[PDB]
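Student: Sharing a structure with you now.
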Amino acid sequence: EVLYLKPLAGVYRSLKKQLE
């Protein structure tokens with residue numbers, strides 16, 4: 001995870017529909 005690398009990158013991706 002590295003503090004917030006994976007937490008912000010998964011939450012933001014899925015919401016923007018896998019970041020279209």
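Residue numbers start at 1 in each chain; chains themselves are named A, B, ... in the order of the structure tokens; ligands are numbered from 1 in the order shown.
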Hey, what does DSSP flag as alpha helix (DSSP H) within chain A? Can you give it to me as a PDB file with C-alpha atoms, in the first residue's frame?
Tutor:
```pdb
ATOM      1  CA  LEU A   5      -0.525   4.927  -3.125  1.00  0.00           C
ATOM      2  CA  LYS A   6      -2.937   1.905  -3.642  1.00  0.00           C
ATOM      3  CA  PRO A   7      -5.896   3.399  -1.383  1.00  0.00           C
ATOM      4  CA  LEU A   8      -6.311   6.623  -3.557  1.00  0.00           C
ATOM      5  CA  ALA A   9      -5.547   4.783  -6.938  1.00  0.00           C
ATOM      6  CA  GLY A  10      -8.321   2.046  -6.463  1.00  0.00           C
ATOM      7  CA  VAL A  11     -11.065   4.323  -4.956  1.00  0.00           C
ATOM      8  CA  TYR A  12     -10.536   6.985  -7.757  1.00  0.00           C
ATOM      9  CA  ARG A  13     -10.325   4.331 -10.640  1.00  0.00           C
ATOM     10  CA  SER A  14     -13.537   2.229  -9.912  1.00  0.00           C
ATOM     11  CA  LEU A  15     -15.600   5.520  -9.253  1.00  0.00           C
TER      12      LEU A  15
END
```
